[PDB]
Amino acid sequence: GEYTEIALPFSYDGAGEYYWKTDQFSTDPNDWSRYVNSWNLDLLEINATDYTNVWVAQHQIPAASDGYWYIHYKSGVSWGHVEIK
């Protein structure tokens, strides 16, 4: 289906609506280097929690029960940005 595998570190800059997935987030509670960040987005949802335009450490986002992180990005504008280390 339409969630496609991305490789980390990952970024995307631009407009559009996409469904990405990965099982490669950090799960280490003592790591602070591996973040999700975004700006100027309409949406960044990861496993049904809202992380739109926030910086968050990856170990703070638990994986779904299949071990994956499912990410839904939406931007109407070219200056939209996401980074997933």
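Note that we place each Cβ from the backbone using ideal geometry, even for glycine, and neighbour counts take in every protein chain shown. Nothing in this text is a laboratory measurement; each read-out follows from the coordinates by a stated rule.
Using a simple spin-label model with points 7 Å from Cα along the Cα→Cβ vector, what separation in nm is obtained for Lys85 and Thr49?
Calculated label separation equals 1.8 nm.
Counting other Cβ atoms within 10 Å, keep those with at most 14, restrict to DSSP loop, and tell me which GluC sites (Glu not before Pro) in the range 1-62 are left.
Within the range 1-62, the qualifying GluC sites (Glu not before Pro) (loop, at most 14 other Cβ atoms within 10 Å) are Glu2.
Under a no-solvent Debye model with one identical scatterer per Cα of the range 11-85, what's log10 I(q)/I(0) at q = 0.20, 0.22 Å⁻¹?
-0.79, -0.94
Check each of the chymotrypsin sites (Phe, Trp or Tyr not before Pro) in the range 42-78 and keep only those in coil by DSSP with at most 11 other C-beta atoms within 10 angstrom; list them in order.
Passing both the DSSP loop test and the Cβ count: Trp55.
Along each principal axis of its Cα atoms, how long is the range 43-85 end to end? Whole angstroms, biggest number first, please.
For the range 43-85, the Cα extents along the three principal axes come out at 33, 17, 15 Å.
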